[PDB]
Each structure stands twice: as C-alpha cells, then as structure tokens.
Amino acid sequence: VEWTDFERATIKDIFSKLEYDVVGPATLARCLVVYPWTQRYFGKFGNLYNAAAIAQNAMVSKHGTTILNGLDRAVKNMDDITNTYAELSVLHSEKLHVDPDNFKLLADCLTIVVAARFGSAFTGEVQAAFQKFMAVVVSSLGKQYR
C-alpha cells in the first residue's frame, strides 16, 4: 500500500496517545458484547455471560491489552506489515483456530473505541487513515490461513 505522510503521522499520533491498558480492555470487551460469537475462544476466561461480567473480567482486560500491544510492530514499520504478522497469522490459524473475520470485527470495535477517545479530532480524514491501517493489519493476520 502506498502510505501518505498524513497517514503515517496520523497512525503514530493515535497510537502514541492511546493508553493500552484502558483502550485494549475496552476494545475486546466491546467486541465480546457486540459480536458474542467471538467468545468462542475464551472459555477459560470464565464468566462472559453479560456486558457487566465481561467488563469486570480481568482475563478479558489482560488479553485486550495484549492485542493492542500487538499492533505496535505494525505502527513501527507500516511497509512490512504482511511479513511482520506472518508468524502471528499462522499461530491464530493453526494453534488458536480463530475465524479471521473476527479480526475485522475487532478492528471495527477498535475504531469505535478510538472515536470515543478522540471525539471531534477523529475526523473523516483521520478515520480514513485509521481504517486503512487496520484493514492492512486485518488482511495480514488472515493471510496465512490455508
């Protein structure tokens, strides 16, 4: 993908301002509520039976933070996202057996959380850059499914 300077700057700005141990948990918790089928892989997390329980779940929070932290490698080198996530893609496919469409759903929830975090500053132009970036990450994560 040909990244513009605005896109590169916007992505760095957003991620540098996000508090991972807040945004991460919020994102995964939102995804587990809005797209309940994503709960399929978290049976060991315990009670995910309702929005309140999900929000109070420490394991959900921990994993959400892990996911957000997992995006840093993409932010650092936006021109090599495919190769950078190759191993992680294989892991999700062959070890975790995660349906890759869930990545798109998680990305949508992240966009919603980021929008709430930045309010008026999350313009259409910023949204375009953020979604473009997330789309590349999502594509890369599902690339090694065979």
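We number the residues from 1 along the sequence you see.
Exercise for the section: Taking the mean of the C-alpha B-factors per stretch from the entry, tell me the winner out of 56-64 and 101-109. Expected result: The deposited B-factors put 56-64 ahead on the C-alpha mean.
Problem - Between the two ranges 110-118 and 77-85, the one averaging a larger CA B factor in the entry - result: The stretch with the larger average C-alpha B-factor is 77-85.
Handout entry: Among modelled residues of the same chain, the CA temperature factor third for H92
Key = It falls in the middle third of the chain.
Handout entry: Cα B factor band for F15 (lowest, middle or highest third within the chain)
Key = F15: CA B-factor falls in the middle third of its chain.
Handout entry: Ranked against its chain, the third holding the CA B-factor of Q39
Key = Its C-alpha B-factor, which the entry lists for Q39, ranks in the middle third among residues of this chain.
Practice task
Report the third (lowest, middle or highest) to which the CA temperature factor of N69 belongs, ranking only the modelled residues of the same chain.
Solution key: Middle third of the chain for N69's C-alpha B-factor.
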